[PDB]
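Residue numbers (the authors' numbering), protein chains in the order written: chain i, 32 to 54; chain r, 2 to 102, 113 to 219; chain m, 3 to 298; chain 2, 2 to 160; chain s, 4 to 174. The beta-carbon is built from N, C-alpha and C at its ideal position, and this holds for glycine as well. Down below is the structure, laid out as structure tokens.
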Amino acid sequence: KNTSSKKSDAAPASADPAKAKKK
Amino acid sequence: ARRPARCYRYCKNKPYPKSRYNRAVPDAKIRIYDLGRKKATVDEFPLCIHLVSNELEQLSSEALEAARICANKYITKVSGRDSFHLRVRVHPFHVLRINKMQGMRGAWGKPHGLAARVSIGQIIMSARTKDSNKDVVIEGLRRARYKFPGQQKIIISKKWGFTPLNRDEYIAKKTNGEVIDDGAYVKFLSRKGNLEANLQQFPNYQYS
Amino acid sequence: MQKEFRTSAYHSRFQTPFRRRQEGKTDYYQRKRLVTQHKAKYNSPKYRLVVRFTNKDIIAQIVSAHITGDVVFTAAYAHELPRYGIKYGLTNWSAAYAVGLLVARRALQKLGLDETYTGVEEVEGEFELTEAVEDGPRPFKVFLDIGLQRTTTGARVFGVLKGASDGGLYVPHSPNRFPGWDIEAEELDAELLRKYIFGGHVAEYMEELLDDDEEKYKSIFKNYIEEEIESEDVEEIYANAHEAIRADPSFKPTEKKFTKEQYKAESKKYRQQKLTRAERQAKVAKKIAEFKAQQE
Amino acid sequence: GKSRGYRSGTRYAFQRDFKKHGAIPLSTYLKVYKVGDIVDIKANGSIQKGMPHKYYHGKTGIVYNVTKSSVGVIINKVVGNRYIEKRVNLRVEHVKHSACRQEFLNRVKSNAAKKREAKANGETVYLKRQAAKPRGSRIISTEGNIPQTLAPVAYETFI
Amino acid sequence: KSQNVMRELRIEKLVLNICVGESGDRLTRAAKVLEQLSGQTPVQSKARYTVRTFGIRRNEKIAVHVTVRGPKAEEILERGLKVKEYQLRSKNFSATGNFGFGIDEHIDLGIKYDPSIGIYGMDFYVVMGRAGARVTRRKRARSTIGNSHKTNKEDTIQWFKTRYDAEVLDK
RNA sequence: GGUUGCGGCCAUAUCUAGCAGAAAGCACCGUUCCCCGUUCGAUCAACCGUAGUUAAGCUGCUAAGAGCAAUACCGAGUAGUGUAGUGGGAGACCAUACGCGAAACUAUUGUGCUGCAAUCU
RNA sequence: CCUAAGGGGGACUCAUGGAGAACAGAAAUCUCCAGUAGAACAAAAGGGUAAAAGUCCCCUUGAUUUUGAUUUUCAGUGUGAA
RNA sequence: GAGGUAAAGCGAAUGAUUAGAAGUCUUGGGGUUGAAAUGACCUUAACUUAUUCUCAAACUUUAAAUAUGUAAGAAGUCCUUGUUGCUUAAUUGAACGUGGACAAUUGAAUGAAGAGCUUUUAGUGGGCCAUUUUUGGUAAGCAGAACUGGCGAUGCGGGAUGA
Ligand SMILES: [Mg+2]
Ligand SMILES: [Mg+2]
Ligand SMILES: [Mg+2]
Ligand SMILES: [Mg+2]
Ligand SMILES: [Mg+2]
Ligand SMILES: [Mg+2]
Ligand SMILES: [Mg+2]
Ligand SMILES: [Mg+2]
Ligand SMILES: [Mg+2]
Ligand SMILES: [Mg+2]
Ligand SMILES: [Mg+2]
Ligand SMILES: [Mg+2]
Ligand SMILES: [Mg+2]
Ligand SMILES: [Mg+2]
Ligand SMILES: [Mg+2]
Ligand SMILES: [Mg+2]
Ligand SMILES: [Mg+2]
Ligand SMILES: [Mg+2]
Ligand SMILES: [Mg+2]
Ligand SMILES: [Mg+2]
Ligand SMILES: [Mg+2]
Ligand SMILES: [Mg+2]
Ligand SMILES: [Mg+2]
Ligand SMILES: [Mg+2]
Ligand SMILES: [Mg+2]
Ligand SMILES: [Mg+2]
Ligand SMILES: [Mg+2]
Ligand SMILES: [Mg+2]
Ligand SMILES: [Mg+2]
Ligand SMILES: [Mg+2]
Ligand SMILES: [Mg+2]
Ligand SMILES: [Mg+2]
Ligand SMILES: [Mg+2]
Ligand SMILES: [Mg+2]
Ligand SMILES: [Mg+2]
Ligand SMILES: [Mg+2]
Ligand SMILES: [Mg+2]
Ligand SMILES: [Mg+2]
Ligand SMILES: [Mg+2]
Ligand SMILES: [Mg+2]
Ligand SMILES: [Mg+2]
Ligand SMILES: [Mg+2]
Ligand SMILES: [Mg+2]
Ligand SMILES: [Mg+2]
Ligand SMILES: [Mg+2]
Ligand SMILES: [Mg+2]
Ligand SMILES: [Mg+2]
Ligand SMILES: [Mg+2]
Ligand SMILES: [Mg+2]
Ligand SMILES: [Mg+2]
Ligand SMILES: [Mg+2]
Ligand SMILES: [Mg+2]
Ligand SMILES: [Mg+2]
Ligand SMILES: [Mg+2]
Ligand SMILES: [Mg+2]
Ligand SMILES: [Mg+2]
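This is the structure we're talking about:
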């Protein structure tokens, strides 16, 4: 069927900033 | 450990600061630059006295710390800890290098210490206080002069405290409502920008 | 508590785009590719077929670009069509075809290539390019400029394309964006294209809607109703319009009810004019004094 | 390790002007270059094809060849004790007409116009340019401008 | 004039989201539920990156969502407001004038229950807008909407209360 | 003079917040049989110009507006620098001579101009 | 190192922030607004790039043939590269 | 025309960096207001806003001096119309031309024991010093670069003496 396409460019992300524990 | 300061007196090399290119740099011995009653308002301490360099020279962080401690101790001992606001006006950002810690092959040195590069007429230390504490504050800086190499002059500022206005222009701007407190410093009125914000910020503004 | 983003430094370092790109009207990439000419042909210009669609009008212009600005060679508008016999549906695909044919014929009249390069006089919907005549000047070459409008098989811009091609202008193109192109079987069904050229889809909609919803037919096709124009005589409306367009493609400007000076004087009465420095200084003084009532 | 690549040391030379990055204004592509034109060379960093070597950034030369998107420019480069003729192929994005030609070319027209006008009047005119000459004598009026006496000022500290 | 015909608030779109945390059969059944409710083939969303705590990996098909416009959107919205018994909170409305809620069982909407399908919760979001939003979405001459024409929280709240005779809480 | 299409230079044109906009134009706007594209006729495609609106777009005006642009008995002939001395000074550095000469600061002014075609109270 | 990460065309616009939506929390997915690039472009760093050079899609083999001219290093020789 | 060093800048981008002030519903914590409220209060710490002290060879809006590319005519400018298989929709251009006009102020200064050209061959291919710019090093009569002038290769007067 159909699926969402990657509008973003963070190819080698695999995680994200700001995502800090205890926050 | 530490070489004599005579090995690093002159600005012979380009500025070598901490960066992404040198990382294993020690910390400066001086970390505190404001002493005394640093929360005092501008109107409390009208008299400003500077220690000014008459040399193009390098001053180590160790010397800055030593002179700061000497001046602070003397002035708080003689006039009290709340009679002045001392500010060190030079920050040591230049990294000195040491080589041995063979011979001249691969002689690029390692970080060894920190120094402030000062010019002629550059202010090293500023002390805002009351007029009656002049002779004390002066004697506080003159002792601090001994911790530095080279020649320094003790100059009584023409201005009110650490402000850029003369002691007469500050009073004029004060009776005209054109300055407001900001904690230890002040804000001056601007004739540019949003009129409503300017008027709100200066209610006592005698417009002409 | 987040940082305010729109600082004075943000505006200071902001680099505004080209004026007509910030308006969202010119694709300068495509414009560069279309306009730029081989440097060894020096001052020979490239000619663009500018095709633009408004909510009510079709604009077709033949343009060459220069440093002081673009220069129009000829122009045909869809609102010129009532002169030729098409009064309604001034944005059909067929109205686009008519505008393309008109601009091609008008340009050829301006140049003098009327008797030579007549074009496709018997429109059967077949794909064809204007071929040069031996021992004679080459056909006027024009490249299509559809601007920001998307390229779809069946789009109205290619109706002007076919008209310009059929009017005698040489416009290089392929038939895979025309209405009636079978993408699976890569051949053009020229019957459906000819249907589209003479308003066949609109007439078929009239016929299909009339027996399925007479009230909607009465609202959508009003102008046809008060003119007593049915579907079966739509084709003639175009075939005659075609003939008339070929008979006299010259531009006739609308007679102006007022002179240029009268128009300018009328428009000049409205639109506010900037305040003098003294006026706004007095305004500032008034606002300062009038701020004195909230001293608390 | 030494580095000596084609674009070494061009960090600032090949930069776009501040707030002038992006698309090329199209007057660059509408200009017409003829063999014999004098052109300044300035590499545009955003167009990497037909780009000059860093030596030719800032040089001015003569067009000798015109191609689809480029011109050939003749440059005289010092190699030791003489000049060598260099032939550089440059896309027109790195090229602009030299503004020196026209001043000459207007001075040629002005000299031709002045000569015929003096010929029309049967008189003579001198067309050679002159360097700035020492100024002549003059009289200075003192009505409203009586001389004001200045003195050197004493030394003061303003900090 | 603030009382202009073209200033009328009305629904732009309704987006139905089911973020099942895994990939495979369960996500397929959530897609079946969405295709049943909307009558349109839904689209599956892939994880943007890998999180071990959530048990997801990059590019693993996690969620499924669908956008509905027109009368069907209105029908689905009121069918979902019936489950909420027409009582949202003030916190449910964004500063841009959009609102959303989340049901917990998809059989409460009024569709047949299948043991094979099971029950999925569901997420509803409504994008509000007046006429003329095409300016910000068209290709040529794209611009911004004037301040008075913008949709905000108060106008959307008042419009929802008037059009549905519902209550907007604020606990 | 307004407006549209296509532009040149590419902020004096941008950004924020208000207000106004006759005529035409532009625009939003209405519909889905047809070519076409979508999860969605939202975009894209097509049809009607018919049912409506200047609310928005667009345009103009307002702001001790931000930014941008220009100017200067502004700062400052200052910083820097080419050239010179068997100048000063232990040195660091500095003065002088013949020349060139900033940036910041301060104040004021301005806030698109314009080319081709068409059209309009 | 790459049959694409080469070539062409088209559509879209990243980093990030704010405000919102069941489980869902600092981090899952969805929506709007803001967003001059603060991302991404194989690999060092610099330059360059926004209706793209970035992301996604379609078609492809110009990563082909014959050899000349030219730029850099330069002896104005070779090689590499353009 | 080009440039990005000196200077300058940081209430301009990036990076470094001192101090307060006023604010906020992820405040980071301590006490008590509390039955507890997470809803106040005292506090420190975070951020936000407008400020404040000090910086950058591998930062920068701006931006020198010195130094640098090109031009300042007769092989120039203008007018008319000849050639082509190139180019244009073309009778458009491109290049090269025939014919005609502009006469010594023929288009800045200063200088010019004249300009241009060719062949052939020696020695050399260890360098060093001074001013200024400048790198490593604590520095060195140390090591290494830039421009010029010198010594080497050079005597003569001075510096007592000294490349
Ligand atoms: Mg990537
Ligand atoms: Mg050194
Ligand atoms: Mg110490
Ligand atoms: Mg001392
Ligand atoms: Mg711009
Ligand atoms: Mg295109
Ligand atoms: Mg190395
Ligand atoms: Mg190197
Ligand atoms: Mg540059
Ligand atoms: Mg290449
Ligand atoms: Mg090259
Ligand atoms: Mg004469
Ligand atoms: Mg899971
Ligand atoms: Mg006027
Ligand atoms: Mg109207
Ligand atoms: Mg639609
Ligand atoms: Mg459309
Ligand atoms: Mg309007
Ligand atoms: Mg309006
Ligand atoms: Mg302003
Ligand atoms: Mg202003
Ligand atoms: Mg000097
Ligand atoms: Mg000297
Ligand atoms: Mg002497
Ligand atoms: Mg001088
Ligand atoms: Mg690529
Ligand atoms: Mg590709
Ligand atoms: Mg591609
Ligand atoms: Mg593309
Ligand atoms: Mg190969
Ligand atoms: Mg080699
Ligand atoms: Mg080679
Ligand atoms: Mg060579
Ligand atoms: Mg060679
Ligand atoms: Mg070779
Ligand atoms: Mg500097
Ligand atoms: Mg500096
Ligand atoms: Mg500066
Ligand atoms: Mg406590
Ligand atoms: Mg002729
Ligand atoms: Mg002749
Ligand atoms: Mg001269
Ligand atoms: Mg020899
Ligand atoms: Mg020899
Ligand atoms: Mg030899
Ligand atoms: Mg030999
Ligand atoms: Mg030796
Ligand atoms: Mg030897
Ligand atoms: Mg010497
Ligand atoms: Mg000297
Ligand atoms: Mg040496
Ligand atoms: Mg020897
Ligand atoms: Mg000698
Ligand atoms: Mg002697
Ligand atoms: Mg001697
Ligand atoms: Mg002696």
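Requested in this report: Can you have a look at residue 174 (chain r) and say buried or exposed, based on whether 16 or more other CB atoms are within 10 angstroms of its CB?
Outcome: buried
Query raised in the report: Count the other CB atoms within 10 Å of the CB of residue 201 (chain r); is the residue buried (16 or more) or exposed (fewer)?
Result: exposed
**Report entry** Nearest candidate by alpha-carbon position, reference residue 41 (chain m), set 64 (chain 2), 53 (chain 2) and 137 (chain 2)
**Finding:** 64 (chain 2)
Query raised in the report: Measuring CA to CA, which of 52 (chain 2), 72 (chain 2) and 58 (chain 2) is closest to residue 43 (chain m)?
Result: 72 (chain 2)
Query - Closest residue to residue 51 (chain r) among 205 (chain r), 217 (chain r) and 164 (chain r) (Cα-Cα distance) - result: 164 (chain r)
Query raised in the report: For residue 150 (chain s), does the count of other Cβ atoms within 10 angstroms reach 16, so buried, or fall short, so exposed?
Result: exposed
Query raised in the report: Run through DSSP, which three-state label would residue 124 (chain m) get?
Result: coil
Requested in this report: Tell whether a beta-carbon distance below 8 Å holds between residue 66 (chain r) and residue 30 (chain r).
Outcome: yes
Query raised in the report: When the cut-off is 8 Å and only beta carbons count, does residue 91 (chain 2) lie next to chain m?
Result: no
Query - 8 Å Cβ cutoff, residue 122 (chain r) in contact with chain m - result: no
Query raised in the report: Using a Cβ-Cβ cut-off of 7 Å (strictly less than) and excluding sequence neighbours within five positions of residue 177 (chain r), which residues of its own chain qualify?
Result: 169 and 170
Query raised in the report: Going along the segment 152 to 171 of chain r in order, which residues come within less than 7 Å of chain 2, judged by CB to CB distance?
Result: 166, 168 and 169
Report task. Please check if any C-beta of chain r sits within less than 8 Å of the C-beta of residue 160 (chain 2). Result -> yes
Query raised in the report: Relative to the C-alpha of residue 5 (chain s), which residue among 172 (chain s), 27 (chain s) and 153 (chain s) is closest?
Result: 153 (chain s)
**Report entry** Rounded C-alpha distance that separates residue 190 (chain r) from residue 46 (chain r)
**Finding:** 16 Å
Query raised in the report: Counting contacts by CB-CB distance shorter than 8 Å, is residue 242 (chain m) in contact with chain 2?
Result: no
Query raised in the report: Taking Cβ positions, are residue 252 (chain m) and residue 108 (chain m) nearer each other than 8 Å?
Result: yes
Query raised in the report: Under the rule that 16 or more other beta-carbon atoms within 10 Å means buried, what is residue 44 (chain i), buried or exposed?
Result: exposed
Query raised in the report: Does residue 22 (chain 2) have its Cβ less than 8 Å from a Cβ in chain m?
Result: yes
**Report entry** Rounded distance between the beta-carbons of residue 42 (chain 2) and residue 10 (chain 2), thought under 8 Å
**Finding:** Not quite, the Cβ-Cβ distance comes to about 17 Å (not below 8 Å), so this is no contact.
Query - Nearest-angstrom beta carbon gap, residue 80 (chain m) and residue 70 (chain m) [assumed within contact, 8 Å] - result: 29 Å between Cβ atoms; not a contact.
Requested in this report: Would you kindly work out how many angstroms separate the C-alpha atoms of residue 132 (chain r) and residue 158 (chain 2), rounded to a whole number?
Outcome: 10 Å
Query raised in the report: If we call anything under 8 Å between Cβ atoms a contact, is residue 92 (chain r) one with residue 35 (chain r)?
Result: no
Query raised in the report: If you pair each beta-carbon of the segment 93 to 103 of chain s with each one of the segment 34 to 47 of chain s, do three or more pairs fall below 8 Å?
Result: no
Query raised in the report: Going along chain s in order, which residues have a C-beta closer than 7 Å to the C-beta of residue 40 (chain i)?
Result: The premise fails here: residue 40 (chain i) is roughly 11 Å from chain s at the closest Cβ pair, so nothing lies under 7 Å.
**Report entry** Cα-Cα separation between residue 81 (chain s) and residue 167 (chain s), rounded to whole angstroms
**Finding:** 9 Å
Query raised in the report: In three-state terms, what does DSSP make of residue 84 (chain r)?
Result: coil
Query raised in the report: So with Cβ pairs under 8 Å, would you call residue 48 (chain s) a contact of chain i?
Result: yes
**Report entry** Cβ-based burial, residue 148 (chain m) [other Cβ within 10 Å; buried from 16]
**Finding:** buried
Report task. Buried or exposed for residue 36 (chain 2), please, with buried defined as at least 16 other CB atoms from any protein chain shown within 10 angstroms of its CB. Result -> exposed
Requested in this report: Output the distance between the C-alpha atoms of residue 59 (chain r) and residue 48 (chain r), rounded to the nearest integer angstrom.
Outcome: 28 Å
Query - beta-carbon residue 100 (chain r) near ligand 2 non-hydrogen atom, thresh 7 Å - result: no
Query raised in the report: Of all Cβ atoms in chain i, is any one closer than 8 Å to the Cβ of residue 123 (chain s)?
Result: no
Query raised in the report: Hey, is residue 16 (chain 2) close to ligand 9, as in C-beta under 7 Å from one of its heavy atoms?
Result: yes
Query raised in the report: So is residue 32 (chain m) in contact with chain r if we call contact Cβ pairs under 8 Å?
Result: no
Requested in this report: Kindly examine ligand 3 and report whether one of its heavy atoms sits closer than 7 Å to the Cβ of residue 127 (chain r).
Outcome: no
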